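Participant: The following block contains the structure, expressed as structure tokens.
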Amino acid sequence: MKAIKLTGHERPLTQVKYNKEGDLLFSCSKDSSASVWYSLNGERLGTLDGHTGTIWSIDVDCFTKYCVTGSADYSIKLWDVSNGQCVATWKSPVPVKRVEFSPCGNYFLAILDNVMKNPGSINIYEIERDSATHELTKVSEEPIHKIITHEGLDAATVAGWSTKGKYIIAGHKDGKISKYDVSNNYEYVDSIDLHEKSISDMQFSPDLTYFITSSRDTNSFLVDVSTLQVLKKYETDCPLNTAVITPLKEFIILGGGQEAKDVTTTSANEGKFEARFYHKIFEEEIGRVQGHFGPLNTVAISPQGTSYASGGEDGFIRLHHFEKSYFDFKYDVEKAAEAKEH
Amino acid sequence: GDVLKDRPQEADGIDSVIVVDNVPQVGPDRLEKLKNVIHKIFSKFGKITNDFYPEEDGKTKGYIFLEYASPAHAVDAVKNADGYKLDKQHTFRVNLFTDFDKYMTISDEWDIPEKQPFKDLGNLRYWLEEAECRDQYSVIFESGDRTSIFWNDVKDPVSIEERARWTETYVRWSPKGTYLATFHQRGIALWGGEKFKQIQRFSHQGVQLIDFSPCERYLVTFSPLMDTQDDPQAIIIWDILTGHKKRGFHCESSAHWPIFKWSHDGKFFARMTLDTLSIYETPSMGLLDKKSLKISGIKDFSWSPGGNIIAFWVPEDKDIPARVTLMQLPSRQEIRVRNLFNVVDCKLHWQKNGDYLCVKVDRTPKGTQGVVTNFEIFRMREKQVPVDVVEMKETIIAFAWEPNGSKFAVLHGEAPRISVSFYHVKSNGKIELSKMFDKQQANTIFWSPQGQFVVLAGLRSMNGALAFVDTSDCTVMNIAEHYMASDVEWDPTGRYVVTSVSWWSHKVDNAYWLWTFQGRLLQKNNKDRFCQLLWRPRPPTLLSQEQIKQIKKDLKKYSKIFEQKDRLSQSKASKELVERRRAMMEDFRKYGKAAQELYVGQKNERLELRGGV
């Protein structure tokens, strides 16, 4: 791959996202404005200004019409992507740590942190849209449902929707994953106990039928939506902040790291926080890609599988375009089976 | 001074003293007039502080000595200029008299760490050592912003390296693939050694053309952009074995590159002046016979593969009706001339061994039309160069010989799709039409180096347009895609065809397409701003009567000796730790089919691994 470095944020990155066609990249950080970048060259398209606190989460709808942000300033905002204006704000009694649109763009969930005495919860909001322009017509000030921290779990930290929005999957501060049935008024269906530490990320495969978890306990699990069966385990010696499933190739990208603190780093050893690529099916580390000056906090892959971006505690985003060696990377039994076709 | 063996000192001597030789000779006024000029010419180094004007046996004084208050200006002074010129034979010649503390007796001489033929082995050697199964090396402009190296591993081309901005325009192979010629705008480089570094680089800017003698010994560089690099010697010839510029030749206006054409052995090199053919000679790039050949009206010239002959041709020039000439060198005699009479154009097509010259001749009636194309074939092994007149037909737009052989294929226009005609040699002598096939989109005839397979290609078409024929007795095997095809190349032994779409030519798909001689596509790989593809040359290392016999051993039926063993080796490559991974792949495809089923049934959804268009 070739990498270039985007600078805009002077503060640690909290989330990067591609849009559905993979030509724009959205990012937020501990600063109070989010940025939008062309994913072709890393040019900055513009910024989203209005929050007064760290923005923890950003998401962009399937039409690339609105993006939504969740903030430490106790608010969620909805933004119109074409002019960067805020079109709706909801106030929250607690910080909002994560936001995600449903696959068709009519709902978004927001994770409300369990602070002060609030037990925390996943709020669901409805955006009624014009069926032609996908512009909004109505937003309600209330969520249409609140999944309060389930009895026996700690608060959710991450959540996303499965295929067609039929389930919400969540990860919690006690290393558990839980599942909620959207048709049945978001009722609790099941949970599994995976990590010894909090779940720090959870991301979906391209069809939304399986997902990948990561934790600072150094492990990552590939998990099936319908059964919650664990399919694969990637075992590392590194505390993980983030993980993704790649399209096109059978790869997994993991990212995290431990801040240096007291030990001296030499100029030879500087810039060596890496993303690790694993083969998805064989569970084997196949590469490490250097370039960051602090832990990786977020990774995102384009839906075309042709680039990936990572945002660091160093305040940079590295944007990576894959090359021919990547596309042709193949185990011998994979060459064999791809040729067996003809 | 004056003696025809006399010279200044050949290196610096003591620093402090001017020796200037062949001064203004003595005569009336000249003695004090010499001081009068000397104290202007030599005063610009500082004021003259001592001068010594000796005389020698009473002969007129050829040299003087001059000194300065800062003496070490003298070593600059006899470097700052030489040859400054007054009346008669007076052309001031500068030096310092000899050192007496140092001497020039023996040195450490000259290291070379490695030279050119090592990466000739670093072509052939790699072809043996490397594990796969089964083919050619590239040579790709496109993936990424990088000039990039690949094999042909049957399953995919595997990437060996991708080097960021290796060439600043275009990259060119040496004839056996020995060096890679890489253009940098501050001087052409020959990249050598197994892991690729510059071993030789030639300083010529404004260059765009960067091509070799066919025997890998000499490089010719041409600047169509004048600089003050050329002045005005734009065709510059560099010797690869020495590493030196042997010649420059002044610039050009006409026509296609190579404008300056080598013989097959690289003995001779030549260019047309319209009124005179100039012939230049290896090893030092001299002028043959000390002459140039005063022949007028030449429209192009082509060297034979055979030792050593030029085919050239003249149209109707004033008093002279049109002709094709075969000329032998170094004799310089027009050994076979045939006047062709009233021709719009002609094209001179050598067979690849020099056995035949086919001329494609377009003749003119009194209506001023290109009415008929003729093919007339000179035979060069046969006594007194006999001529096969063969064809008469409408608008021939392409012709190509069988590589290493004697068959040929031809394309005719205006039917309204392009017509294809196929020619073979008769057992009774003569070469004659043997087959045809219905009209098509093919505009370019491209034959396999192994003779059997010919590609009929409709290059620069949006669709289709590649058709494939096996030969003897020309039978169509296959017809295939290549959307916006521009570029085409073959394996040196005819196993694989590669075709591409350069981003210089076209921009609606940009790709390389890789295909096996049979009618099986291997892959098509789209590439983002695709510049170029070239295979690395691989000539068969030796050829002999016993190798030619071994090729005939199984007599024709089938054979089963080699390929079944390579497939058995590939079958072994599915075993031992492999089995656990095969099992994993399998278990994954099954898990996926199961979810695939359920989802189609429960909610009518089709699972995928990449976001659909």
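Chain labels run A, B, ... following the order of the structure tokens; each chain numbers its residues from 1, and ligands are numbered from 1 in the order shown.
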Pull out every residue of chain A sitting within 7 Å of chain B, counting only C-alpha atoms, and send them as a VMD selection string.
Facilitator: chain A and resid 206 to 207 247 to 248 281 to 282 303 to 304 323 to 325 328 333 335 339
Participant: Identify which of the residues A:10, A:43, A:135, A:259 lies closest to residue 23 in chain A, counting only C-alpha atoms when measuring atom-to-atom distances.
Facilitator: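 Going through A:10, A:43, A:135, A:259 one by one, the smallest distance to residue 23 in chain A is for A:43.
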Participant: What is the CA of residue 524 in chain B-CA of residue 508 in chain B distance in Å, reported with one decimal?
Facilitator: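 Taking CA of residue 524 in chain B and CA of residue 508 in chain B, their separation equals 14.8 Å.
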Participant: Which residues in range 112-279 of chain B does DSSP call helix (DSSP H, G or I)? List them as a list in words.
Facilitator: residues 118, 119, 120, 121, 122, 123, 124, 125, 126, 127, 128 and 129 of chain B
Participant: As a list in words, please: the residues near residue 203 in chain A (cut-off 6 Å, only C-alpha atoms, same-chain neighbours under 5 positions excluded).
Facilitator: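 Contacts, in chain order: residues 211, 212 and 244 of chain A.
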Participant: Would you mind listing what lies within 10 Å of residue 297 in chain A as a list in words, with only C-alpha atoms counted and same-chain residues fewer than 5 positions away left out?
Facilitator: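 Those residues are residues 12, 13, 14, 15, 16, 29, 200, 201, 240, 241, 242, 243, 255, 256, 257, 310, 311, 312, 313, 314 and 315 of chain A.
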Participant: Running DSSP on the backbone, which parts of range 463-507 of chain B land in strand (DSSP E), as a PDB file with N, CA, C and O atoms, in the first residue's frame?
Facilitator:
```pdb
ATOM      1  N   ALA B 465     -12.240  -7.334 -29.249  1.00  0.00           N
ATOM      2  CA  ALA B 465     -12.116  -7.642 -30.661  1.00  0.00           C
ATOM      3  C   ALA B 465     -10.882  -8.497 -30.946  1.00  0.00           C
ATOM      4  O   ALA B 465     -10.087  -8.179 -31.829  1.00  0.00           O
ATOM      5  N   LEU B 466     -10.670  -9.601 -30.207  1.00  0.00           N
ATOM      6  CA  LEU B 466      -9.474 -10.417 -30.374  1.00  0.00           C
ATOM      7  C   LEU B 466      -9.837 -11.822 -30.841  1.00  0.00           C
ATOM      8  O   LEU B 466     -10.567 -12.534 -30.160  1.00  0.00           O
ATOM      9  N   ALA B 467      -9.349 -12.257 -32.020  1.00  0.00           N
ATOM     10  CA  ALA B 467      -9.625 -13.566 -32.585  1.00  0.00           C
ATOM     11  C   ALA B 467      -8.338 -14.361 -32.796  1.00  0.00           C
ATOM     12  O   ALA B 467      -7.294 -13.819 -33.156  1.00  0.00           O
ATOM     13  N   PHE B 468      -8.372 -15.682 -32.541  1.00  0.00           N
ATOM     14  CA  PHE B 468      -7.173 -16.495 -32.405  1.00  0.00           C
ATOM     15  C   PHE B 468      -7.195 -17.694 -33.338  1.00  0.00           C
ATOM     16  O   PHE B 468      -8.162 -18.451 -33.371  1.00  0.00           O
ATOM     17  N   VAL B 469      -6.127 -17.890 -34.134  1.00  0.00           N
ATOM     18  CA  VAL B 469      -6.067 -18.893 -35.191  1.00  0.00           C
ATOM     19  C   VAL B 469      -4.838 -19.792 -35.021  1.00  0.00           C
ATOM     20  O   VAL B 469      -3.727 -19.290 -34.860  1.00  0.00           O
ATOM     21  N   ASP B 470      -5.003 -21.135 -35.062  1.00  0.00           N
ATOM     22  CA  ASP B 470      -3.913 -22.109 -35.077  1.00  0.00           C
ATOM     23  C   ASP B 470      -3.566 -22.465 -36.526  1.00  0.00           C
ATOM     24  O   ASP B 470      -4.435 -22.467 -37.400  1.00  0.00           O
ATOM     25  N   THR B 475      -6.924 -22.381 -38.720  1.00  0.00           N
ATOM     26  CA  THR B 475      -8.241 -22.694 -38.163  1.00  0.00           C
ATOM     27  C   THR B 475      -8.487 -21.897 -36.902  1.00  0.00           C
ATOM     28  O   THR B 475      -7.648 -21.823 -36.010  1.00  0.00           O
ATOM     29  N   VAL B 476      -9.646 -21.207 -36.826  1.00  0.00           N
ATOM     30  CA  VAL B 476      -9.992 -20.323 -35.723  1.00  0.00           C
ATOM     31  C   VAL B 476     -10.299 -21.093 -34.440  1.00  0.00           C
ATOM     32  O   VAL B 476     -11.211 -21.910 -34.387  1.00  0.00           O
ATOM     33  N   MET B 477      -9.514 -20.845 -33.380  1.00  0.00           N
ATOM     34  CA  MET B 477      -9.638 -21.476 -32.083  1.00  0.00           C
ATOM     35  C   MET B 477     -10.619 -20.753 -31.175  1.00  0.00           C
ATOM     36  O   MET B 477     -11.405 -21.361 -30.451  1.00  0.00           O
ATOM     37  N   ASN B 478     -10.569 -19.407 -31.149  1.00  0.00           N
ATOM     38  CA  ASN B 478     -11.274 -18.674 -30.118  1.00  0.00           C
ATOM     39  C   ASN B 478     -11.460 -17.219 -30.514  1.00  0.00           C
ATOM     40  O   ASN B 478     -10.753 -16.710 -31.383  1.00  0.00           O
ATOM     41  N   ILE B 479     -12.414 -16.514 -29.873  1.00  0.00           N
ATOM     42  CA  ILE B 479     -12.642 -15.085 -30.050  1.00  0.00           C
ATOM     43  C   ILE B 479     -12.977 -14.531 -28.670  1.00  0.00           C
ATOM     44  O   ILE B 479     -13.760 -15.130 -27.936  1.00  0.00           O
ATOM     45  N   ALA B 480     -12.371 -13.400 -28.259  1.00  0.00           N
ATOM     46  CA  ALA B 480     -12.479 -12.894 -26.905  1.00  0.00           C
ATOM     47  C   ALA B 480     -12.570 -11.369 -26.799  1.00  0.00           C
ATOM     48  O   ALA B 480     -12.308 -10.617 -27.744  1.00  0.00           O
ATOM     49  N   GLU B 481     -12.982 -10.910 -25.598  1.00  0.00           N
ATOM     50  CA  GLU B 481     -12.987  -9.537 -25.119  1.00  0.00           C
ATOM     51  C   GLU B 481     -11.598  -8.923 -25.048  1.00  0.00           C
ATOM     52  O   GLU B 481     -10.627  -9.596 -24.720  1.00  0.00           O
ATOM     53  N   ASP B 487      -2.763  -2.266 -26.579  1.00  0.00           N
ATOM     54  CA  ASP B 487      -1.393  -2.736 -26.561  1.00  0.00           C
ATOM     55  C   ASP B 487      -1.400  -4.267 -26.608  1.00  0.00           C
ATOM     56  O   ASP B 487      -2.305  -4.896 -26.062  1.00  0.00           O
ATOM     57  N   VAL B 488      -0.423  -4.921 -27.272  1.00  0.00           N
ATOM     58  CA  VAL B 488      -0.418  -6.374 -27.437  1.00  0.00           C
ATOM     59  C   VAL B 488       1.000  -6.934 -27.450  1.00  0.00           C
ATOM     60  O   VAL B 488       1.895  -6.368 -28.074  1.00  0.00           O
ATOM     61  N   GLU B 489       1.238  -8.071 -26.756  1.00  0.00           N
ATOM     62  CA  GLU B 489       2.542  -8.709 -26.709  1.00  0.00           C
ATOM     63  C   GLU B 489       2.391 -10.215 -26.450  1.00  0.00           C
ATOM     64  O   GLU B 489       1.352 -10.694 -25.991  1.00  0.00           O
ATOM     65  N   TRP B 490       3.421 -11.017 -26.782  1.00  0.00           N
ATOM     66  CA  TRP B 490       3.436 -12.468 -26.661  1.00  0.00           C
ATOM     67  C   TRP B 490       4.619 -12.889 -25.801  1.00  0.00           C
ATOM     68  O   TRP B 490       5.643 -12.216 -25.735  1.00  0.00           O
ATOM     69  N   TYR B 496       1.854 -17.496 -23.780  1.00  0.00           N
ATOM     70  CA  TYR B 496       0.892 -16.523 -23.275  1.00  0.00           C
ATOM     71  C   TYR B 496       0.801 -15.303 -24.170  1.00  0.00           C
ATOM     72  O   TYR B 496       1.791 -14.859 -24.752  1.00  0.00           O
ATOM     73  N   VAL B 497      -0.406 -14.712 -24.248  1.00  0.00           N
ATOM     74  CA  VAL B 497      -0.659 -13.424 -24.872  1.00  0.00           C
ATOM     75  C   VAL B 497      -1.026 -12.472 -23.756  1.00  0.00           C
ATOM     76  O   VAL B 497      -1.794 -12.811 -22.851  1.00  0.00           O
ATOM     77  N   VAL B 498      -0.485 -11.250 -23.787  1.00  0.00           N
ATOM     78  CA  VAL B 498      -0.901 -10.190 -22.899  1.00  0.00           C
ATOM     79  C   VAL B 498      -1.411  -9.049 -23.765  1.00  0.00           C
ATOM     80  O   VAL B 498      -0.864  -8.743 -24.824  1.00  0.00           O
ATOM     81  N   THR B 499      -2.534  -8.418 -23.382  1.00  0.00           N
ATOM     82  CA  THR B 499      -3.019  -7.228 -24.076  1.00  0.00           C
ATOM     83  C   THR B 499      -3.396  -6.203 -23.042  1.00  0.00           C
ATOM     84  O   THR B 499      -3.785  -6.540 -21.927  1.00  0.00           O
ATOM     85  N   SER B 500      -3.263  -4.909 -23.359  1.00  0.00           N
ATOM     86  CA  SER B 500      -3.453  -3.865 -22.360  1.00  0.00           C
ATOM     87  C   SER B 500      -4.215  -2.691 -22.915  1.00  0.00           C
ATOM     88  O   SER B 500      -4.437  -2.558 -24.122  1.00  0.00           O
TER      89      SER B 500
END
```
Participant: Rounded to one decimal in Å, what is the spacing between CA of residue 273 in chain A and CA of residue 35 in chain A?
Facilitator: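 CA of residue 35 in chain A lies at a distance of 23.2 Å from CA of residue 273 in chain A.
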Participant: Name the residues in contact with range 90-98 of chain A at a cut-off of 6 Å, using only C-alpha atoms, excluding same-chain residues fewer than 6 positions from it; report them as a compact mmCIF listing (two decimals) with N, CA, C and O atoms, in the first residue's frame.
Facilitator:
```txt
# COMPACT_ATOMS: atom_id res chain seq x y z
N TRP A 56 -17.17 12.00 20.11
CA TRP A 56 -16.80 10.60 20.25
C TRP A 56 -17.13 9.73 19.07
O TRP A 56 -16.51 8.69 18.89
N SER A 57 -18.13 10.10 18.28
CA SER A 57 -18.62 9.17 17.27
C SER A 57 -19.18 9.96 16.09
O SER A 57 -19.76 11.03 16.27
N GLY A 70 -21.99 12.20 17.91
CA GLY A 70 -22.31 12.15 19.33
C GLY A 70 -21.15 12.84 20.10
O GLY A 70 -20.00 12.63 19.78
N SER A 71 -21.47 13.67 21.09
CA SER A 71 -20.50 14.51 21.76
C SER A 71 -20.44 14.48 23.30
O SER A 71 -21.45 14.23 24.04
N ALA A 72 -19.24 14.84 23.80
CA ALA A 72 -18.96 14.92 25.23
C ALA A 72 -19.69 16.05 25.76
O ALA A 72 -19.91 16.08 26.95
N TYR A 74 -22.72 16.46 25.62
CA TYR A 74 -24.08 16.05 26.03
C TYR A 74 -25.11 16.38 24.91
O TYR A 74 -26.17 16.82 25.17
N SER A 75 -24.74 16.13 23.66
CA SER A 75 -25.62 16.34 22.56
C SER A 75 -25.28 15.44 21.38
O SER A 75 -24.17 14.86 21.32
N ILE A 76 -26.29 15.23 20.54
CA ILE A 76 -26.19 14.57 19.26
C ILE A 76 -26.60 15.64 18.25
O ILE A 76 -27.60 16.34 18.48
N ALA A 110 -28.00 5.77 19.59
CA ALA A 110 -26.99 6.51 20.27
C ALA A 110 -26.73 5.87 21.64
O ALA A 110 -27.69 5.49 22.36
N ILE A 111 -25.44 5.67 21.96
CA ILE A 111 -25.08 5.14 23.27
C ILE A 111 -24.94 6.31 24.23
O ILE A 111 -24.17 7.25 23.98
N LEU A 112 -25.77 6.28 25.26
CA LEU A 112 -25.74 7.23 26.34
C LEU A 112 -24.92 6.63 27.52
O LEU A 112 -25.21 5.52 28.01
N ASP A 113 -23.82 7.28 27.87
CA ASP A 113 -22.87 6.72 28.87
C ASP A 113 -23.54 6.61 30.24
O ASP A 113 -24.45 7.40 30.52
```
